[PDB]
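Naming: A, B, ... by sequence-line order, numbering from 1 per chain. These numbers come from the heavy atoms of this one structure, side chains and all, not from hydrogens, waters or symmetry mates.
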Amino acid sequence: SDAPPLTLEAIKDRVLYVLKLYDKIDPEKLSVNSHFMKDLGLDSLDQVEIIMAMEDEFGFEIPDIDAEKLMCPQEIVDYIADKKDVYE
Amino acid sequence: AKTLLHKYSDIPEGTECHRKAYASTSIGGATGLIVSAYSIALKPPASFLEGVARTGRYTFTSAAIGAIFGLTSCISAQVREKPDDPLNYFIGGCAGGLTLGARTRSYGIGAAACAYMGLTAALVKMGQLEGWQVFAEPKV
Amino acid sequence: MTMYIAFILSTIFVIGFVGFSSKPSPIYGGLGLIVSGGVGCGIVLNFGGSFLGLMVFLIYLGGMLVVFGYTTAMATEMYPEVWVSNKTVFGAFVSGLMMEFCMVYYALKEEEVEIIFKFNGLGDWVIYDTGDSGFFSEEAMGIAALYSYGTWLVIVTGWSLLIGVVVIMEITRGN
Amino acid sequence: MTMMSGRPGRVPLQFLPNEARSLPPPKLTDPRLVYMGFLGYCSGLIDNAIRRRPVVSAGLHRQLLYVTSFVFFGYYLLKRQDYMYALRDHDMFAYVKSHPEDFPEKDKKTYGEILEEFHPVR
Amino acid sequence: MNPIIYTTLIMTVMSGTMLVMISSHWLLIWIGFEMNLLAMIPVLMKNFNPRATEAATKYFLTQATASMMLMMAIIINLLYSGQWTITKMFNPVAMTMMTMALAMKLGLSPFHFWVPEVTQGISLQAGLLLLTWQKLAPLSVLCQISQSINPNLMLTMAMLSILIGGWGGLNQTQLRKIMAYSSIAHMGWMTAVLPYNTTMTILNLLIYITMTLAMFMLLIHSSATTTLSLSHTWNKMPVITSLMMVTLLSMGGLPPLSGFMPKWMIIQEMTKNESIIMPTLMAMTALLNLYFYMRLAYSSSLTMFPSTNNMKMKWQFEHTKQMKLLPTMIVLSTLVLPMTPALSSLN
Amino acid sequence: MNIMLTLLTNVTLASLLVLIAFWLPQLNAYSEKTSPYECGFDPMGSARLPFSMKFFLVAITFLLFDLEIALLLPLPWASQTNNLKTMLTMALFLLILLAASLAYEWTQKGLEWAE
Amino acid sequence: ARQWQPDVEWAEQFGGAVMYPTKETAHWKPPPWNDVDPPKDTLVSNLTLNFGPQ
Amino acid sequence: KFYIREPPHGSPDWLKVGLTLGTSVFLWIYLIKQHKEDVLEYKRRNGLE
Amino acid sequence: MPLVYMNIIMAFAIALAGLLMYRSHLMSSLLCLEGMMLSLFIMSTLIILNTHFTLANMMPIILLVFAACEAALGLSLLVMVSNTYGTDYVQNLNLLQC
Ligand SMILES: CCCCCCCCCCCCCCCCCC(=O)OC[C@H](COP(=O)([O-])OCC(O)COP(=O)([O-])OC[C@@H](COC(=O)CCCCCCCCCCCCCCCCC)OC(=O)CCCCCCCCCCCCCCCCC)OC(=O)CCCCCCCCCCCCCCCCC
Ligand SMILES: CCCCCCCCCCCCCCCCCC(=O)OC[C@H](COP(=O)([O-])OCC(O)COP(=O)([O-])OC[C@@H](COC(=O)CCCCCCCCCCCCCCCCC)OC(=O)CCCCCCCCCCCCCCCCC)OC(=O)CCCCCCCCCCCCCCCCC
Ligand SMILES: CCCCCCCCCCCCCCCCC[C@@H](O)O[C@H](CO[C@H](O)CCCCCCCCCCCCCCC)COP(=O)(O)OCC[N+](C)(C)C
Ligand SMILES: CCCCCCCCCCCCCCCCC[C@@H](O)O[C@H](CO[C@H](O)CCCCCCCCCCCCCCC)COP(=O)(O)OCC[N+](C)(C)C
Ligand SMILES: CCCCCCCCCCCC(=O)SCCNC(=O)CCNC(=O)[C@H](O)C(C)(C)COP(=O)(O)O
């Protein structure tokens, strides 16, 4: 059979695993609702790198638009849920 | 091949239960090995370890069925002092069916197998007694 | 046992078969088939079949050349495999070699039956004819009898070759 | 196994040997020939039905050809079948005659001398 | 493809089959098989549609492996006796090799895997050819060497074919795969009686061929390759669906239809050889074939499925090219049982 | 036996020449020296990438034409038979069929390379 | 007052690839309406060669 | 009438009809003669007449 | 039977096992087919030469001819499959199921 019924908790766990795999972020610090700029002191290019890492993790193209807004892990989870059509 | 069949058949029915059970175990193990080979060929196990596990599981299940069938059938033919009776085979068949259910862990499978294997075992005994031919040599 | 020439040639034949049956890159499979073809030509020559051996070697060399050309185009595989570049190919090659050695050992010192019959060895020189006559070659005469005895064979073979040309051109058309 | 392919004196593709002329030909009112003609008529009706033509009355020449072809083939088929059965009987009788020890004539007892078990129904 | 090239390729296929059936030399039989395969490969690819390429590749690989095994069996037989005539195959190992090679050529279980795939991959006309004309040569060879066939191996393969055809047909919604599994089961029925009586084998082959021709021509007339496409035919040609239902009943072996004649004639023969369990198993196993014929009869003729609006357009047009032998095929495949004794003309 | 000796001698001489070629001179092999040659600049792709054959149909036809010469080669011996008329008829038939196959491939553009 | 006949819900059972869908087999898709699959536009790479300067 | 002339119409193809009827009649005559000769030959062989 | 005969028979068996066990390339399987044909040629030639069956000397040559027709056939198919997938891998031949 094909891929299992991925859930929102799976999306959140994968997103946080990817983010904790970034060198410029201390792992224990970041939360789900932590802004990339204000809380973590990242600039736009680091956000671009994080978005590319998300694209590698979940395997679908996120355009330049609809990526300028995914600014904490939480909106990233929302974007992936909307694109993959998951609700529970 | 046919050597295993003659090895089982040469031992008189209600005698030397250990040797009869050993022969039936060998026949069951051979059948399980054939089934494992075909299942591995047509349904790849995606790894060597999982393939070995599947082959061992199938072979052990079939060998256990054969051993239990042979032991119970010989012991029944011995304690009842009535060889050449399909009842012993039916009882042996039921034991194998029960074992199959135990191995697959299902009552439904176990109950169905006990009835079906037992009937088949009894029919094989009847064919042995009356000389029924499965593969009949041409004569006319 | 005398000079072991025929046995050595047959063993190299089997080794080449194992080499191309392990299925490395088709370049090396073609090499193994070429070695087998030359060795089989030698085997046939050792029995008086000069024309047949040379004929099959010449046919195979031409065939292999086409295969090499086709391999460079359709079976290229950026890292081509040699017999020691992969565990599966090396395992198949070693299994073939070991089975050949085991069969030879079982049939050489003892007289064991594998599938059909058994063998004691004795060298293949034993079963020769002793025939002492002729100002011609029996093999050449038999092959040349194709144009006088084998009219039906010539007819069916020619029709098959013409149909083969038509068939390949139909298959490769596409559209 | 094939039982009469290798019968001695058999011509490969004859379909009707000369000796078959010794047999009475099937009558033209043979019920098997009538069934052959009926099969031809049914074929004609089905031909009318598939072609979307009036089934009973569309083509009388075509239906006539169907019936005639079926009867014509069936006549020779019946002749060959009768010949083959006659051959089987001829060979069987000859073999029985030539092997008397294998088919021994047995003197038959009467039911007054044979003892059959009686099984009451109760 | 050019019509002349198509005609010459068809002639080459029939010529290979004829060369197999008229030869007394093993080499000429092998040559006939080679010629048949060579001319058959492009017939399967007449319409390119890459599934046909896959079907042709699978068919070529299977048939070429079988041809290699056949040549090895011939050479072993020659080695153990310097004989080239087709006879009782003096060596038993060669006999086993030839039995397996001919089973692979025919598609008997467990060499049956290629038949559903090849039949689904090719067009309906190619499937008709593959399931009717391709069976003659291996069966003709088997009839000549029947006195030396090991009954155990052949009967095992026949029972496997009947069982596997019956089981495989149950899960199919595609008509061509249904035809392929029917073909496998009928092949098993054909080869079950071969060691006992070759006339029964020929009779079964003829009845199966006429029924298969009827079914394939009916599926060509109404251009349906699936169950749901065939469920639209009642709203365009009810007569075609009715005749299809009758033919499907005949193929299930129901009396008094024609398809009952072979099975009835085989069981009886097998009983004269003291074979009782085997015919009983085969007869009860044929009920699977009957079931998945009856399901198609339900879908196509005995009930009316919903249709589409555009079908109204099709009401205004007639079938242009007509198959002349279809009415005779239907009649022969249904109403023939009373003429059963005519089978004596086959020996 | 003499041909085997000749083959062994030739192969031994060639192998000895290779051995002297590889063991007599002074070797200074570094990565730049052993790099592949493509006229001074580095290759873009691999040399193990597929390379299209534009004469593939001619290549396939070559197999059948090569077996035809194997069929035709026993003609010098065939010309010694008493049934000269039959042998000549069959030889001419074989050559005519070969010529007809060549003509068929030629007319249907089978000898033109793919573009 | 009307004889029951199959509807869309009844007919859809025969529209899949197999009669009895299975966890693994449910991902099988029915063949195209004509037996023509979408052309696999495989990128056949061209060989890139340096001609010169040497 | 019809839009397309429908070339197969009120005038049937008389060549085809004549050929069909001629084939049927020839077959019937041949069968009658064959049965007559078969009966005569059978009676000749068996010494009946 | 001498050792040469069983060596040729073993070569045939090895080539058959090689054909029946696919790895990825169709060309490798076609090479196994050619190898089986070659083993058949050698075996038949040895039998015919040993027994001095003079006419049968034309038989192996004929066996070669229909070998080429099988190779040229197979290669042809290998082209078409390649043109569909850019690769001769046998895993791509899975549009039709059982
Ligand atoms: C027109 C004609 C009319 C005829 C047609 C209609 C009549 C025939 C059809 C009706 C009968 C057929 C049913 C047969 C069994 C089917 C079981 C089944 O479907 O499994 C799926 C079903 C699904 O299970 P699952 O979902 O996989 O697992 C969750 C469990 O459900 C939940 O797990 P659980 O914890 O709740 O329960 C599991 C466990 C816990 O059990 C319980 O919770 C409650 C206790 C249940 C069993 C208690 C039996 C012991 C006492 C009964 C003694 C005999 C009756 C009184 C006789 C008086 C004599 C004057 O059960 C056991 O451990 C029992 C294991 C074996 C003990 C019983 C076997 C005794 C053999 C009899 C020998 C007779 C020799 C001849 C004697 C001659 C003199 C009369 O399994 C069950 O739930 C049923 C298990 C109990 C089966 C035994 C009950 C049947 C007793 C008579 C059998 C004989 C009839 C067949 C004859 C041919 C066979 C050789
Ligand atoms: C035990 C006793 C019982 C024995 C039982 C025997 C077996 C029973 C039957 C077996 C199963 C039958 C299966 C039939 C396969 C049909 C396949 C097919 O053609 O397509 C299906 C076809 C397709 O339908 P469609 O979709 O409407 O057509 C669209 C087109 O296909 C669209 O394609 P197109 O646009 O390209 O159209 C071209 C079209 C139009 O055609 C044309 O335009 C004609 C133009 C002429 C071209 C010039 C060519 C000349 C140059 C070539 C030379 C080649 C030489 C080869 C020899 C080499 C020698 C080594 O041509 C065709 O469609 C096919 C042409 C067929 C030619 C047949 C020639 C027979 C060859 C015989 C060879 C044997 C020689 C002796 C051997 C000696 C040994 C070596 O459907 C049917 O044909 C309906 C089925 C009819 C089958 C016959 C029914 C049973 C037979 C009853 C007759 C009596 C038999 C007993 C007689 C006993 C002796 C008197
Ligand atoms: C569905 C019913 C079957 C339909 C079959 C097609 C119907 C059309 C008829 C076919 C015409 C061809 C036969 C007539 C031409 C002459 C035949 C002759 O040249 O050949 C003879 C052969 O004649 C044929 O065998 C007889 C053909 C008769 C076919 C009808 C039998 C059908 C079975 C009974 C079912 C009832 C159906 C009746 C029609 C409705 C030579 O015999 P022989 O070479 O030595 O044996 C070959 C087989 N051996 C060697 C292995 C033994
Ligand atoms: C024309 C065709 C026919 C010719 C017939 C003659 C065939 C000649 C064989 C072909 C080889 C020619 C090579 C000539 C130079 C010798 C190279 C090598 O053998 O010498 C050194 C061999 O010495 C090794 O370093 C190890 C020496 C000892 C260890 C193993 C040898 C053990 C033998 C025991 C010796 C003790 C005394 C024996 C007295 C008999 C390896 O040095 P190396 O730098 O790599 O190679 C480059 C050579 N350079 C420097 C000249 C450019
Ligand atoms: C293997 C090694 C190869 C090396 C190759 C090097 C390739 C060189 C490519 C050079 C291309 C350019 O400079 S592109 C020119 C880039 N210059 C600007 O954008 C001017 C305005 N700067 C800003 O807006 C921010 O400081 C910004 C830094 C963008 C952060 O953006 P965010 O606020 O949104 O995070």
* Top residue by heavy-atom pair count (under 4.5 Å) with chain I, among C:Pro26, C:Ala144, C:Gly164, C:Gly96? -> C:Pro26
* Stepwise side chain to side chain contact (heavy atoms under 4.5 Å, CB included) check, C:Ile43 with I:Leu46 -> CA-CA 9 Å; C:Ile43 290 159; I:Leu46 286 182; 4.2 Å; yes
* Please report the shortest heavy-atom distance between C:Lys23 and I:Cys32, naming the atom on each side. => CG-SG, 4.4 Å
* To do: Go through the steps to decide whether C:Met141 and I:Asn57 satisfy the test side chain to side chain contact (heavy atoms under 4.5 Å, CB included), and finish with yes or no.
  => CA-CA 8 Å; C:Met141 281 321 87; I:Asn57 275 128; over 6 Å; no
* side chain to side chain contact (heavy atoms under 4.5 Å, CB included) between I:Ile62 and C:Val156: does it pass, once the steps are laid out? -> CA-CA 10 Å; I:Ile62 299 304; C:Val156 298; over 6 Å; no
* Heavy-atom pair with the smallest gap, counting every atom of I:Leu49 and C:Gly48 -> CD1-C, 4.3 Å
* Mind ranking I:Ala11, I:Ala56, I:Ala17 by heavy-atom pairs under 4.5 Å with chain C and telling me who comes out on top? => I:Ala11
* **chain I contact via C:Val167 - side chain, backbone, both or neither, heavy atoms under 4.5 Å** => side chain
* Asked: Between C:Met103 and I:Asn7, what is the shortest heavy-atom contact and its length?
  -> CE-OD1, 4.0 Å
* **Which atoms of I:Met59 approach chain C - backbone, side chain, both or neither, heavy atom under 4.5 Å** => neither
* Proximity breakdown for C:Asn46 and chain I, heavy-atom pairs closer than 4.5 Å -> neither
* Structure fact -> Interatomic distance, CE@I:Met80 vs CZ@C:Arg173, rounded to 0.5 Å, equals 10.5 Å
* Asked: Can any side-chain N or O of C:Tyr60 pair as donor or acceptor with the backbone N or O of I:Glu34 at less than 3.5 Å?
  -> yes
* To do: Could you list which of residues 66-74 of chain I have a heavy atom closer than 4.5 Å to any heavy atom of chain C, in residue-number order?
  => I:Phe66, I:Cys69, I:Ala72, I:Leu73
* With a 4.5 angstrom heavy-atom cut-off, could you sort out which part of C:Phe47 is near chain I: side chain, backbone, both or neither? => both
* **Side chains of I:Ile61 and C:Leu146 in contact at under 4.5 Å (non-hydrogen atoms)** => no
* **Side chains of C:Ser10 and I:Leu3 in contact at under 4.5 Å (non-hydrogen atoms)** => no
* To do: Measure C:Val66 against the heavy atoms of chain I and call it side chain, backbone, both or neither at under 4.5 Å.
  => side chain
* Closest approach of I:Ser82 and C:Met74, non-hydrogen atoms and distance? -> OG-CG, 3.3 Å
* Considering heavy atoms only, which positions within residues 85-98 of chain I lie below 4.5 Å of chain C? -> I:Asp88, I:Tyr89
* **Residue part contacting chain C, namely of I:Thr51, when any heavy atom lies under 4.5 Å** => neither
* Asked: Side chain, backbone, both or neither: which part of C:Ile168 has a non-hydrogen atom closer than 4.5 Å to chain I?
  -> both
* With a 4.5 angstrom heavy-atom cut-off, could you sort out which part of C:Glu81 is near chain I: side chain, backbone, both or neither? => side chain
* **Partners passing ring pair (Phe, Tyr, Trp, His ring centres under 6.0 Å) against C:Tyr147 (at least two apart in sequence or in another chain)** => none
* Structure fact -> The interface call for C:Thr11 against chain I, heavy-atom contacts under 4.5 Å, is both
* Part of C:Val89 within contact of chain I (heavy atom distance under 4.5 Å) -> side chain
* Structure fact -> On a heavy-atom basis, the closest approach of I:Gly35 and C:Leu33 is CA-CD1, 4.0 Å
* Could you please spell out the steps behind the side chain to side chain contact (heavy atoms under 4.5 Å, CB included) verdict for I:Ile42 and C:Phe13? => CA-CA 10 Å; I:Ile42 299 308; C:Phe13 190 74; 4.0 Å; yes
* Answer yes or no: does atom OH of C:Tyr79 have more than 12 heavy-atom neighbours from other residues, nucleotides or ligands under 6.0 Å? => no
* Tell me the residues of residues 21-31 of chain I whose non-hydrogen atoms fall below 4.5 Å from those of chain C, in number order. => I:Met21, I:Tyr22, I:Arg23, I:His25, I:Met27, I:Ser28, I:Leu31
* Asked: Which of the residues I:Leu38, I:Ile14, I:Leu55 is involved in the greatest number of heavy-atom pairs with chain C at under 4.5 angstrom?
  -> I:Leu38
* Out of curiosity, I:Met37 CE to C:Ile59 CD1, how far, rounded to the nearest 0.5 Å? -> 12.0 Å
